[PDB]
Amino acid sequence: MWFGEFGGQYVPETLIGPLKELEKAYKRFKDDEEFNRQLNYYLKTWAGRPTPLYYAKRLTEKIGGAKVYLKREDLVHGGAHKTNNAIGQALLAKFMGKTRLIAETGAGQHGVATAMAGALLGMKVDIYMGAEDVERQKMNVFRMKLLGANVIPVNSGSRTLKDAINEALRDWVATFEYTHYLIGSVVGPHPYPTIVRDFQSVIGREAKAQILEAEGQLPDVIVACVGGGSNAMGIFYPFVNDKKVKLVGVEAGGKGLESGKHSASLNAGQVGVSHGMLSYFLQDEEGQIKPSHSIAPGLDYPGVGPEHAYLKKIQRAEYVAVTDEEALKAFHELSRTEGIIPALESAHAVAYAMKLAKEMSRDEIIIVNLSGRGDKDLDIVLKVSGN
């Protein structure tokens, strides 16, 4: 349950049993033949795995430095890497005999992934969402309802993701016997940070095989955006024991790191406890988590995974930040240059990789995790960038 000093299970006693039962079922099923057969089957036929690894030749040559490859999680069913975890946990829940899934969501993206996986496996889905987020994500809320999920607006507290998490936790205490709490990033009490990372590591395993086929060697740098940290852990984890492979996580710089309007928890946060985990959080004088900002809706998780805090501490991975403006420019640039519209979240990784590529030599290789597609962000970009 610990990654160095980060992680743990900081929850009330009523949740210890349910977390124990989940940990027990996961230890059994994670290496179970039938479970992995079905999981790999759903991932192949329904999700469309494997996703390709694409060499961005025009972008590479335009920048004039290192080769830039894109791991195309944007092509997974639903348009984002979140599906990998949603299927894994939903199937796990079915194997544990649960009939219902609950989840929280801020951007709505995890809510959608959860609703998709629940519909697939024939399970009831309830999604807790802060009323302020509900208001701003009307199409995601509609998507969830199309998928047969029930969206429950959370009106308490600040009507945001933090408040939804608290409601979801309260629901699970009472309903855990038939309900699985499907956490959407590498966060929360153990064993969630481990489970989510395990279910996303397929990205890194495919990427490793794909890059070896393409270039006959491991990459020099892997770059991924970091909200809660799941897409980054997914692509990082199989390369952790490859000492030569540099790992860079990109947080939301928002309006700027000194502006006080960003979501760079590792970069500017402090150690604290929330959502059952000891990790880095941006918190106020009174210890309360403060509002995070980013143009990218999905980089709004309040905090960061304990495994990322650990990788930072031991200096296995480096963490940087990219601003809203920089992310936007990358969003336009990739669309024009390679014909791929990325998610605004993923654009942060693209933005940094472009800066990094310029510094590196042409024989060198950068893999960017393109965690999602940008169809969902077109309304946003039109408003901000203009017609």
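One-based numbering along the sequence shown.
Asks: Could you check which stretch, 35-43 or 341-349, carries the larger mean CA temperature factor in the entry?
Replies: The deposited B-factors put 35-43 ahead on the C-alpha mean.
Asks: With reference to the PDB entry, specify whether the mean Cα temperature factor is higher for 321-329 or for 23-31.
Replies: Higher mean C-alpha B-factor in the PDB entry: 23-31.
Asks: Per the coordinate record, which of the options 279, 109, 259, 85 holds the highest CA temperature factor?
Replies: By C-alpha B-factor in the record, 259 ranks first.
Asks: Tell me which of 96, 147, 196, 225 tops the list for C-alpha B factor in the record.
Replies: That would be 96.
Asks: Looking at the temperature factor on the CA atom of residue 290, which third of the chain's modelled residues does it land in?
Replies: Its C-alpha B-factor, which the entry lists for residue 290, ranks in the highest third among residues of this chain.
Asks: In terms of the CA temperature factor given in the entry, to which third of its chain does residue 300 belong: lowest, middle or highest?
Replies: According to the entry, residue 300 has a C-alpha B-factor in the chain's middle third.
Asks: Comparing against every modelled residue in the chain, figure out the third that the C-alpha B-factor of residue 268 lands in (lowest, middle or highest).
Replies: Tercile = middle for this residue's CA B-factor.
Asks: Grab the CA temperature factor for residue 70 from the record and place it in the lowest, middle or highest third of its chain.
Replies: It belongs to the middle third of the chain when residues are ordered by C-alpha B-factor.
Asks: Among the chain's modelled residues, which third holds the C-alpha B-factor of residue 306?
Replies: Bottom third by C-alpha B-factor.
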